[PDB]
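To keep things clear, I will list the structure first and then write my remarks on it.
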Amino acid sequence: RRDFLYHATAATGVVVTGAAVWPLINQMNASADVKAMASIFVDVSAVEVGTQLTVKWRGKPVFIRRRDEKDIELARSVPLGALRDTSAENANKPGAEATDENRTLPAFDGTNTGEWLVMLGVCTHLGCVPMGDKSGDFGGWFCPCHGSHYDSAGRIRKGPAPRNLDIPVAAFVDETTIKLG
Amino acid sequence: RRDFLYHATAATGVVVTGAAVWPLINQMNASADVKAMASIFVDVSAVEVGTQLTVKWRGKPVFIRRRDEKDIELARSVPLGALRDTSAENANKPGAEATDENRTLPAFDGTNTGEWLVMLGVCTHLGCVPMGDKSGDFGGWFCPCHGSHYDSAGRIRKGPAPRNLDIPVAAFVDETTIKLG
Amino acid sequence: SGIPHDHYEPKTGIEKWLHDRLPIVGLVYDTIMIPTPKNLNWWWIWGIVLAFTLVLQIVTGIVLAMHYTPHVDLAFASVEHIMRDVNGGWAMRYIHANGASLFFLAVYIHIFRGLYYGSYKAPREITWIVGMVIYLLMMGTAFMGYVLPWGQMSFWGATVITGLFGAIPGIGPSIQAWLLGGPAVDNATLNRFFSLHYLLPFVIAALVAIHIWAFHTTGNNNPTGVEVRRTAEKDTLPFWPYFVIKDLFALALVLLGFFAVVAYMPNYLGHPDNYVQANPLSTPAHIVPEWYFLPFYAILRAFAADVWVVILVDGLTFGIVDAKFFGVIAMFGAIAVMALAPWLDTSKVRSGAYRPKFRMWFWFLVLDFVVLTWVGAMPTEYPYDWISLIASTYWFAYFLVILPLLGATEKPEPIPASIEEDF
Amino acid sequence: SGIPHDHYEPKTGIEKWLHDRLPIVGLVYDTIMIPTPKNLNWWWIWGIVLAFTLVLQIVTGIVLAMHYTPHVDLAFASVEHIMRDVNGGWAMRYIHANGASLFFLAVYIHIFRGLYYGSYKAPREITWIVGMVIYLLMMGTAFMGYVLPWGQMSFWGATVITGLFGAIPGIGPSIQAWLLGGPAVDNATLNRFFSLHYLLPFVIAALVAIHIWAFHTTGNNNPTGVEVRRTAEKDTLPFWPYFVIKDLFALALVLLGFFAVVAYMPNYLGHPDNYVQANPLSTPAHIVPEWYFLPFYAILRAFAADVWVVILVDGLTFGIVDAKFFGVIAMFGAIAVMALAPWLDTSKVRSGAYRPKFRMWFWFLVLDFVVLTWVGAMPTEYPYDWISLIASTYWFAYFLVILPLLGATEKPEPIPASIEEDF
Amino acid sequence: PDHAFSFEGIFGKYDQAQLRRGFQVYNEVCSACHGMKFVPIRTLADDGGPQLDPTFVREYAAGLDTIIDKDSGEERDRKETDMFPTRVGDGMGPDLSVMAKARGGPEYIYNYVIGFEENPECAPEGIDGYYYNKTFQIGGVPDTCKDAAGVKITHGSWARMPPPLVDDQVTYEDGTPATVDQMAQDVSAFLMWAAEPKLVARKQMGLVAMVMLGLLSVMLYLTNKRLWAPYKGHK
Amino acid sequence: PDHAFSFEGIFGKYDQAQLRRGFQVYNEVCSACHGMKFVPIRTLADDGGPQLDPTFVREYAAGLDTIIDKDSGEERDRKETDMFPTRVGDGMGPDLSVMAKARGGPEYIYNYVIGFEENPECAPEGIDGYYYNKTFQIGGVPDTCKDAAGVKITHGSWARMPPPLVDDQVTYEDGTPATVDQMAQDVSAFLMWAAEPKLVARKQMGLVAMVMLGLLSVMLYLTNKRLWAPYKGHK
Ligand code: HEC
Ligand code: HEC
Ligand code: HEC
Ligand code: HEC
Ligand code: HEC
Ligand code: HEC
Ligand code: FES
Ligand code: FES
């Protein structure tokens, strides 16, 4: 029939066109050489605890910074109230409250948390690198792209950045190493 | 006047157009990163005449070797007969016979030829680098890629290599220098 | 009326055998002897400026691409190879880089000329639509291009102006990764941008093709709310040679100033930090993307829930429309509303030379544009936040409410007849 | 006669407000409902094939350029990155590489269809000129492109097909150096070729624009020596939907065969030596540039002063016209004479379906083309030299002398009237 | 007869046990001189070929040579993301990444590895440092074996590679007679993988496309026959 | 006053003696830590700047560090065609190729090299391993010198570079008082050369183009005034 045959030819043409177009839009997706996206062993190795440590990975920096008591007490003295993001972005654990006890890090294979904190050095606003070394209006990190003030533990404050600095999955290698991935 | 003014405006437009076009045709010419390549010099400067001298250029080595009497006499005692390539590949002169008098080199700006010989250290078979320092079955160069025996003056012998070792265009710089290009 | 004067191909045998391919018919009848009014001021030149600038950019780029190598390890080096070894080098690069500046400066005056003399008003909607489409294409182009030198500002500008697409929910990260070629910026992004950057200009030329086709079919706007009175039209001198020569004179002046800049003040409009190689591990202070995107950058980074007029706390009613998404929508709307204008101005009138209130509001709009330009560079600390909020609010207010109210109660002026204004 | 049927924009308000930009008027009146005769065989499809192939090549290339890195040290590696990592990879490359083959195959049939049915005869000269211009552009394009992989055949093909320009005296070496970016081949040549290779296709599209404009203004040839009898023309059905569907059917078949090749016989038309990296120090045996340049390669390397019909010993009268220059002139002339044809055939007649002697000579010409194709690959040793000389001589003889003699004494046939051939 | 492989045809998606055997052979024999830079190690887990266990891949990678770095010069642990090593000179050979395409290809490798017999009865002395092959055609030939105009009278020529394998060079874990011929076939298939890993996807795409386009073409033929009916009915 | 250079204006084609002095200092002082990879050694003969004698250039090149190769790993002779060396880490600094543009530029270098005075009377102890500079603004500051909201009360900050020169560090062959200020000016000019070598050509092109375009524009103005005369005469 007129209608059936004509419309079916059109439908088949459309289907073939789409099957030909899809790969032109698929090739731009992540290739296999980008699929890898594996881990990294960074050795703390006497980093002069208290200043900072940065390492490249996945194309972004991974901040490994020891803790300075004044920085710590400022951290542990932050009630969940008045905290923009209270989710503790760290993916090594569940959505537990953004508390310093959970938010600092694993305990060297021992039992302590208020001494090391390794987070992803990527501002959640649009992905800039905040400046460290005690900066901003909260004694933490300051993003120069738009002015986002981070706190000691990395939770976002005073700016457009919606959430704190995430924490990748990482465990220790028996007191001198870090495993990123 | 009508004619003068109109034609002069047209002429000025044309002149400006040409002054703007010329560089468009100039950028395609040799950039500065390439000029420093056409002209390369090699300061011989007491190379302990008789062993060898090699220098990189154009991505291939340029062999500058002094002459050892035994090597010389073996050279000058080679009749054109039984010589695979009798063309004297050297491009600093015409297709004159591959004779040692023409095949050795210019004469320091003086008058002598049986003392220096600079050829392109590239086997004519497929472009390997023959080993020097008196090697092979003819007291010259030996190609390890397929076994081509070169002679004292560089003429091919005993192998698949069809022709001898070419000689680039080179002149002297008054008794201590060589100009390659 | 609309005298095309096809020339009837009566010249000679050459002009008679050309009846195979009409081409000269087109040129003569339409694109050279196009009747244009006499009442044209010096604001109707910038289109010639834009066409010439586009040709210039295309040419210089085709030349640079003969020496630029798209790769993280060889881009900077190739740029220096250009500025040092190549014969002309610095000229091509400075002419390419700065000419973009002139291009955008010229489109700004081209656009604001339009808003004044009702060039968006009917029957000239298609031209406006095509022009906004172009503006978008050329913004994207310049963005893709600022990245190629792989300096320091390149990296971070790309980072943020791609995190935008990732702000939105559900389909943000996917688009981000599909655009960057990966999670973050690297050589893949560079290749995409180079290709794309080397392709869109031709689309722009075609769109310019339609841009020129439209306003030849539709008469050029004129300082007055009047048409060429087709019904024989003693007004409306032709384009060639009169307006051609006028535009070429202005263009010569503009190129004179442009080359003076190129030769004495070339690094003025640039960011020095783009002369240091990239470090994904260190961000400089005051990225300040560029100067032709500061308005929208400010409209973006203004809404942050930091004012009593903060509509973000109210938009939080829906848990999905956070701040970032709100700013992105605000920017896209800042442009979409400018595109929608011709269907918002409810006035059966024309050029604001006979609408005073419109004059005042329009000059306030120009001032707002300049202010936004100056604010995108300054931090988000008090008082600049209030300023940016006020300016964005006025932009939206103008384009949404102000024009209807005028179209209602804005006719205290005697309109001029007889486009032949022999004053 | 020549019914354009502009549609009068009577559809509705949408088709009436489109009086701002005519565009749909153009499409409908001209480029869709273009009266074409009924007498069309299956040889009038290859233009659609060429247009589609051009689009295909442009698209696939724009995709590849997102992963190809023009540099001697990173081209091969990027090509392998494509064929291995990228999602589609091999497809794009094989479709790009082979589609060039189909492109040239299709232009060959497009051209020889033309020589038979007097499509170069008046009043269709402009189409012929434009087509030869295109042919030149696309040859140069394919040449620039075969170089980009920086294999082994790339290098040496470039070397020789650039030494050509250097053969000529006085201005040979200068042009050679200005084209290679230096004395010999290196990255500079690669950048030039990539840019150029990424730019000419658009010029080709424009030229295709004029190509299509011409034969719409000038009626499509038709199997016979007759026109559409404009004065109403019961003959000359429209293009859409009839011929559109016919061409699309043939195109589907052609793409079917093409993809079967791509998927089973992709490396067949290629040279394996292009899969080994380049060595400027070692040349392989039987460079054999490609298969769409062998005719002219043979016409070039035929004249060598090695036959009693050797006109080089006679051209040596002038000490400047040596052999090399003679072969180069012979090739340029092999093309220039094909372009000059329409002013050499002195016949007030048309398609060789009514000119027998012309049929015989034309089939001999096709055979000569095939022979030249087969000879450019075989050495210059006896007997192939005599064969190449004979074939080139016949090519030139046909195009110079044969057509005049026919036009003189070639009308023993009853021409058909009434292009409505209801047989 | 010709000992056709599995992939030689419209089907034959790279029987994988053959490829694992070729891998046992390549890493223990050919790797001593040859390399495959154009080949990432992670491909030993991608489908189509040897779908080995990733952990074994990481182990085998760390057990290879040291590829230093691209940013900070320091001998790393050679992670799978890197490429196979490269043996370059001083008694070494070319790269086998795509040698299966730079020559019907794999049959060349099979009939090359196969064939290193003693020197014939024209030049039994042979050559010092060079060994004889019956199929390589790009090697030197002594003057004693050439004809009157330089052409060789031997089937093959003299190759610089020594005989790679003896009667029972290695053991197969699966259980199989590891004679020279089976090893040659297996390694040829492995190299063909290293060169064309996306073969099976090629064939499946070809099938799908042939089918869809045959369908489209048939439908268009029907449409054409229909439209052109009232004009081709009286004749 | 501001100690303007020669090139600071519409003229000033890089007084070359100043650049030779800056070179004497750069290779003997700054080269110990800094590098200029973006600078070929063959530019010390190109016009515009130091038009030194090529032979001295080849000597000075061969007398530098060893840049190995790109094809065959082997420590060569560091031919001029190569680029200046690179000092990368372990107590070293950035590259000075284009530092004269990544900051009015050279005045930054002058007023930076100029100024390393002792620690002020807010933190006289200072810092261990860091030294104080009047004009660097991107360095750390002790908490004793910061205000109530993190801003520094010092003019400059603490830079990791030590004082590069004393009262009379080197001799000038031409004959000139080699105090610190003259050396600073000279080296600033040398770096500006290394960054903008094609300055003088820039200025000459600008002059030529301004002239030609003024001429063209005047002629077009006359043509316009003429053509538009019969329409602007009665009013
Ligand atoms: C050194 C002891 C080698 C080992 C072990 C293997 N190969 Fe090799 N190979 C080697 C050299 C020096 C050469 C060059 C030979 C020449 O005359 O140029 C080769 C060459 C090959 C080739 C290419 C043959 C050609 O036609 O060019 C192939 C296909 C090849 N070799 C295969 C191969 C395989 C499969 C091996 C492991 C079983 C192997 N070779 C080992 C040096 C050495
Ligand atoms: C090591 C002993 C050095 C020598 C000798 C010189 N420089 Fe240097 N420089 C050095 C370091 C470690 C740094 C980094 C300082 C920091 O705090 O990051 C620098 C920096 C510079 C700069 C950049 C300043 C800036 O604003 O970033 C300049 C312009 C500079 N140095 C100039 C310079 C000159 C001209 C020298 C020779 C006279 C010189 N330096 C020597 C290390 C060392
Ligand atoms: C044929 C290629 C090509 C075309 C067409 C082209 N450019 Fe570019 N563009 C380049 C290259 C190459 C670079 C990098 C070299 C450079 O920065 O000068 C570049 C860089 C840029 C830069 C950064 C300049 C710098 O030095 O940082 C801008 C801005 C830019 N392009 C804008 C544009 C715009 C806007 C257009 C047209 C609408 C355009 N370009 C047309 C090739 C081109
Ligand atoms: C967003 C708006 C917009 C943009 C961007 C734009 N145009 Fe226009 N253009 C207009 C309008 C409106 C007119 C007035 C048409 C009329 O008067 O009929 C116009 C008119 C013109 C004219 C004729 C009269 C004049 O003003 O000179 C030219 C030529 C022209 N444009 C060229 C260009 C070119 C070239 C570009 C870009 C490369 C461009 N325009 C970009 C909207 C735009
Ligand atoms: C947008 C870019 C682009 C366009 C348009 C384009 N190509 Fe290419 N072409 C490439 C790239 C990239 C390569 C190198 C990668 C490759 O060889 O597949 C290439 C390579 C080639 C090759 C060698 C193929 C091979 O694998 O050795 C040929 C032949 C070729 N092009 C011909 C053409 C012709 C003919 C046209 C149109 C008339 C065309 N190309 C259009 C980008 C393009
Ligand atoms: C050197 C000659 C030549 C070349 C090359 C050429 N054409 Fe043509 N083309 C012709 C002639 C002659 C005609 C017949 C015109 C007529 O019958 O009025 C024609 C007709 C056509 C037609 C309409 C009738 C037909 O034969 O299909 C199309 C469509 C077409 N060409 C497209 C193309 C495209 C697309 C290209 C290249 C990408 C191309 N041609 C290359 C000479 C050429
Ligand atoms: S990007 Fe980090 S705050 Fe804007
Ligand atoms: S390559 Fe020199 S002899 Fe074979």
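Numbering starts fresh at 1 for the residues of each chain in the structure tokens, the chains themselves are lettered A, B, ... in the order given, and ligands are numbered from 1 as they appear.
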With only C-alpha atoms considered, list every residue of chain D at most 8 Å from chain B, as a PDB file with N, CA, C and O atoms, in the first residue's frame.
```
ATOM      1  N   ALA D 177      61.891  24.893  -2.831  1.00  0.00           N
ATOM      2  CA  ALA D 177      62.186  25.244  -1.448  1.00  0.00           C
ATOM      3  C   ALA D 177      61.020  25.973  -0.799  1.00  0.00           C
ATOM      4  O   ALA D 177      60.733  25.767   0.386  1.00  0.00           O
ATOM      5  N   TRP D 178      60.341  26.835  -1.554  1.00  0.00           N
ATOM      6  CA  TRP D 178      59.211  27.574  -1.012  1.00  0.00           C
ATOM      7  C   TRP D 178      58.023  26.670  -0.734  1.00  0.00           C
ATOM      8  O   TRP D 178      57.165  27.023   0.079  1.00  0.00           O
ATOM      9  N   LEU D 179      57.959  25.518  -1.389  1.00  0.00           N
ATOM     10  CA  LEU D 179      56.865  24.579  -1.198  1.00  0.00           C
ATOM     11  C   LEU D 179      57.164  23.570  -0.100  1.00  0.00           C
ATOM     12  O   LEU D 179      56.277  23.240   0.693  1.00  0.00           O
ATOM     13  N   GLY D 181      59.146  24.117   2.369  1.00  0.00           N
ATOM     14  CA  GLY D 181      59.604  24.796   3.559  1.00  0.00           C
ATOM     15  C   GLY D 181      61.089  24.698   3.796  1.00  0.00           C
ATOM     16  O   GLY D 181      61.571  25.159   4.834  1.00  0.00           O
ATOM     17  N   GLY D 182      61.830  24.112   2.863  1.00  0.00           N
ATOM     18  CA  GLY D 182      63.250  23.941   3.008  1.00  0.00           C
ATOM     19  C   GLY D 182      63.844  23.183   1.838  1.00  0.00           C
ATOM     20  O   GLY D 182      63.168  22.900   0.845  1.00  0.00           O
ATOM     21  N   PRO D 183      65.127  22.838   1.937  1.00  0.00           N
ATOM     22  CA  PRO D 183      65.754  22.083   0.843  1.00  0.00           C
ATOM     23  C   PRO D 183      65.105  20.736   0.605  1.00  0.00           C
ATOM     24  O   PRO D 183      64.886  20.352  -0.550  1.00  0.00           O
ATOM     25  N   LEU D 281      67.070   7.637   4.558  1.00  0.00           N
ATOM     26  CA  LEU D 281      68.324   7.036   4.135  1.00  0.00           C
ATOM     27  C   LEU D 281      68.135   5.772   3.313  1.00  0.00           C
ATOM     28  O   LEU D 281      69.119   5.243   2.786  1.00  0.00           O
ATOM     29  N   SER D 282      66.908   5.274   3.184  1.00  0.00           N
ATOM     30  CA  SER D 282      66.660   4.031   2.468  1.00  0.00           C
ATOM     31  C   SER D 282      65.377   4.161   1.669  1.00  0.00           C
ATOM     32  O   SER D 282      64.342   4.551   2.214  1.00  0.00           O
ATOM     33  N   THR D 283      65.451   3.828   0.390  1.00  0.00           N
ATOM     34  CA  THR D 283      64.295   3.879  -0.478  1.00  0.00           C
ATOM     35  C   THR D 283      63.817   2.471  -0.803  1.00  0.00           C
ATOM     36  O   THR D 283      64.634   1.602  -1.127  1.00  0.00           O
TER      37      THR D 283
END
```
Report task. Pull out every residue of chain D sitting within 8 Å of chain E, counting only C-alpha atoms, and send them as an MDAnalysis selection string. Result -> chainID D and resid 77 80 84 242 245:246 248:249 252:253 256 259:260 263:264 272:276 423
Requested in this report: Using only C-alpha atoms, find the residues of chain E whose closest atom to chain B is at most 9 Å away, then write them as number ranges by chain.
Outcome: E: 130, 139-143, 158-160
**Report entry** Counting only C-alpha atoms, chain D residues within 9 Å of chain C, as a VMD selection string
**Finding:** chain D and resid 19 to 23 62 to 63 65 to 71 123 to 126 188 to 196 198 to 199 202 210 213 to 215 217 to 218
Query raised in the report: Hey, what does DSSP flag as alpha helix (DSSP H) within range 67-253 of chain C? Can you give it to me as a VMD selection string?
Result: chain C and resid 75 to 84 90 to 116 125 to 146 153 to 167 172 to 180 187 to 217 244 to 253
Could you dump the residues just selected with C-alpha atoms as a compact mmCIF listing (two decimals), in the first residue's frame?
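Final output, out.txt:
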```
# COMPACT_ATOMS: atom_id res chain seq x y z
CA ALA C 75 52.37 24.08 21.27
CA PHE C 76 54.27 26.73 23.23
CA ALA C 77 57.45 25.79 21.37
CA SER C 78 55.68 26.14 18.03
CA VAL C 79 54.30 29.55 18.99
CA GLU C 80 57.83 30.68 19.78
CA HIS C 81 59.09 29.14 16.54
CA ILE C 82 56.53 31.42 14.92
CA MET C 83 57.39 34.61 16.80
CA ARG C 84 61.14 34.10 16.25
CA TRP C 90 54.88 38.20 15.35
CA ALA C 91 52.84 40.07 12.75
CA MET C 92 50.49 37.18 12.06
CA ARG C 93 50.11 36.27 15.72
CA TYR C 94 49.55 39.88 16.98
CA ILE C 95 47.20 40.56 14.01
CA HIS C 96 45.35 37.31 14.78
CA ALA C 97 45.10 37.82 18.60
CA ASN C 98 44.23 41.61 18.57
CA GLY C 99 41.90 41.37 15.48
CA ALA C 100 39.72 39.14 17.60
CA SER C 101 39.51 42.08 19.98
CA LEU C 102 38.54 44.45 17.16
CA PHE C 103 36.07 41.87 15.85
CA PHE C 104 34.19 41.81 19.13
CA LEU C 105 34.49 45.60 19.69
CA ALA C 106 33.00 46.11 16.16
CA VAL C 107 30.13 43.58 16.74
CA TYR C 108 29.32 45.47 20.04
CA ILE C 109 28.89 48.77 18.10
CA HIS C 110 27.14 46.86 15.31
CA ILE C 111 24.67 45.47 17.87
CA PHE C 112 24.08 48.61 19.95
CA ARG C 113 23.63 50.65 16.73
CA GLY C 114 20.80 48.15 16.01
CA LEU C 115 19.08 48.42 19.41
CA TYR C 116 18.84 52.19 18.97
CA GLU C 125 13.68 39.56 12.67
CA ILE C 126 15.64 37.01 10.63
CA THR C 127 18.71 39.25 10.54
CA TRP C 128 18.59 39.53 14.32
CA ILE C 129 18.23 35.77 14.83
CA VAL C 130 21.11 35.05 12.46
CA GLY C 131 23.24 37.66 14.20
CA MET C 132 22.74 36.14 17.62
CA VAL C 133 23.55 32.70 16.21
CA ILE C 134 26.76 34.15 14.78
CA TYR C 135 27.68 35.90 18.04
CA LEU C 136 27.38 32.52 19.76
CA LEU C 137 29.55 30.77 17.17
CA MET C 138 32.27 33.42 17.32
CA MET C 139 32.32 33.45 21.12
CA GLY C 140 32.81 29.69 21.11
CA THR C 141 35.48 30.09 18.45
CA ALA C 142 37.50 32.69 20.35
CA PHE C 143 37.23 30.49 23.43
CA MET C 144 38.53 27.40 21.62
CA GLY C 145 41.33 29.58 20.29
CA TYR C 146 42.58 31.19 23.48
CA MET C 153 45.38 31.13 31.44
CA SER C 154 44.33 28.78 28.64
CA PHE C 155 44.20 25.78 30.98
CA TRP C 156 42.16 27.40 33.74
CA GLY C 157 39.78 29.32 31.51
CA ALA C 158 39.00 26.03 29.80
CA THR C 159 38.65 24.33 33.17
CA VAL C 160 36.00 26.72 34.47
CA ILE C 161 34.11 27.36 31.23
CA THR C 162 33.79 23.59 30.97
CA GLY C 163 32.84 23.06 34.61
CA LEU C 164 29.85 25.21 33.71
CA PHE C 165 28.40 22.43 31.55
CA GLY C 166 29.01 20.11 34.49
CA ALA C 167 27.13 22.27 36.98
CA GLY C 172 26.48 17.58 33.49
CA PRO C 173 29.45 15.29 34.09
CA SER C 174 28.66 13.25 31.00
CA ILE C 175 28.70 16.33 28.77
CA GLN C 176 31.82 17.60 30.53
CA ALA C 177 33.69 14.36 29.84
CA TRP C 178 32.38 14.13 26.28
CA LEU C 179 33.61 17.67 25.62
CA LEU C 180 37.02 17.49 27.31
CA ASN C 187 45.86 16.94 24.65
CA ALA C 188 42.52 15.50 23.53
CA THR C 189 40.78 18.75 24.42
CA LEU C 190 43.52 20.55 22.50
CA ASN C 191 42.93 18.55 19.32
CA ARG C 192 39.16 19.02 19.51
CA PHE C 193 39.57 22.74 20.02
CA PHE C 194 42.07 23.15 17.18
CA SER C 195 39.87 21.31 14.71
CA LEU C 196 36.75 23.02 15.81
CA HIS C 197 38.55 26.39 15.89
CA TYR C 198 39.80 25.76 12.34
CA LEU C 199 36.23 24.84 11.11
CA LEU C 200 33.61 27.26 12.55
CA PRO C 201 34.76 30.40 10.67
CA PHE C 202 33.42 28.87 7.46
CA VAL C 203 30.03 28.26 9.06
CA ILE C 204 30.20 31.90 10.12
CA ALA C 205 30.89 32.96 6.53
CA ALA C 206 27.88 31.01 5.28
CA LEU C 207 25.71 32.51 8.09
CA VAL C 208 27.14 35.93 6.97
CA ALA C 209 25.95 34.80 3.47
CA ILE C 210 22.38 34.52 4.84
CA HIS C 211 22.98 37.65 6.93
CA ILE C 212 23.75 39.59 3.75
CA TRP C 213 20.96 37.87 1.72
CA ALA C 214 18.33 38.92 4.37
CA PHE C 215 19.09 42.70 4.60
CA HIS C 216 19.33 42.90 0.82
CA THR C 217 15.83 41.47 0.53
CA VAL C 244 31.60 51.70 -0.72
CA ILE C 245 34.05 54.59 -0.62
CA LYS C 246 32.71 55.96 2.66
CA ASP C 247 33.04 52.56 4.34
CA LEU C 248 36.51 52.04 2.87
CA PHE C 249 37.63 55.40 4.26
CA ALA C 250 36.42 54.52 7.74
CA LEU C 251 38.01 51.08 7.36
CA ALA C 252 41.35 52.62 6.43
CA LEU C 253 41.22 54.74 9.57
```
Produce a table with one row for each residue of chain E that has an atom at most 12 Å from any atom of chain F, each row naming the nearest atom pair and its distance in Å at one decimal; use only C-alpha atoms; arrange rows by chain and rising residue number; format as JSON lines.
```
{"residue": "E:71", "atom": "CA", "partner": "F:88", "partner_atom": "CA", "distance": 11.7}
{"residue": "E:72", "atom": "CA", "partner": "F:88", "partner_atom": "CA", "distance": 10.7}
{"residue": "E:73", "atom": "CA", "partner": "F:88", "partner_atom": "CA", "distance": 11.9}
{"residue": "E:88", "atom": "CA", "partner": "F:72", "partner_atom": "CA", "distance": 10.7}
{"residue": "E:89", "atom": "CA", "partner": "F:72", "partner_atom": "CA", "distance": 10.8}
```
Query - Cα RMSD of chain B after least-squares fit onto chain A, all atoms paired in order - result: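 Result of the CA superposition: 6.9 Å.
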Report task. Would you list, as a list in words, the residues of range 1-188 of chain E that end up in strand (DSSP E or B) under DSSP run on this structure's backbone? Result ->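 Selection result, strand (DSSP E or B) within range 1-188 of chain E: residues 35, 40, 83, 95, 131, 132, 133, 140, 146, 152, 157, 158 and 159 of chain E.
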Query - Within 8 Å of residue 11 in chain E using only C-alpha atoms, minus same-chain residues under 4 positions, as a PyMOL selection string - result: chain E and resi 6-7+200+203
Take the residues from that selection and write them out as a JSON list (two decimals), in the first residue's frame, keeping N, CA, C and O atoms.
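Saved result, selection-v1.json, follows:
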```
[["chain", "number", "residue", "atom", "x", "y", "z"],
["E", 6, "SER", "N", 42.32, -19.53, 11.42],
["E", 6, "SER", "CA", 40.90, -19.45, 11.74],
["E", 6, "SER", "C", 40.28, -18.18, 11.18],
["E", 6, "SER", "O", 39.18, -18.22, 10.62],
["E", 7, "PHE", "N", 40.97, -17.05, 11.31],
["E", 7, "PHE", "CA", 40.45, -15.76, 10.88],
["E", 7, "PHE", "C", 40.46, -15.58, 9.37],
["E", 7, "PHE", "O", 39.94, -14.56, 8.89],
["E", 200, "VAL", "N", 37.37, -8.96, 14.68],
["E", 200, "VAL", "CA", 36.04, -9.54, 14.83],
["E", 200, "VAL", "C", 34.98, -8.45, 14.78],
["E", 200, "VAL", "O", 33.91, -8.64, 14.19],
["E", 203, "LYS", "N", 34.33, -7.68, 11.23],
["E", 203, "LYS", "CA", 33.48, -8.63, 10.53],
["E", 203, "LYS", "C", 32.02, -8.46, 10.93],
["E", 203, "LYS", "O", 31.12, -8.52, 10.08]]
```
Report task. Grab me every residue within 9 Å of ligand 1, counting only C-alpha atoms and all ligand atoms, and send it over as a ChimeraX atom specification. Result -> /B:145-146 /E:22,25-34,89-96,99-100,103,106,108-110,112-113,130-131,135-140,157-165,183-184,187-188,191
**Report entry** Interatomic distance, CA of residue 362 in chain C to CA of residue 120 in chain C (Å, one decimal)
**Finding:**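 Atom-to-atom, CA of residue 362 in chain C and CA of residue 120 in chain C are spaced 14.5 Å apart.
Each of C:53, C:87, C:41, C:380 was compared to ligand 3 using only C-alpha atoms and all ligand atoms, and C:53 turns out to be the nearest.
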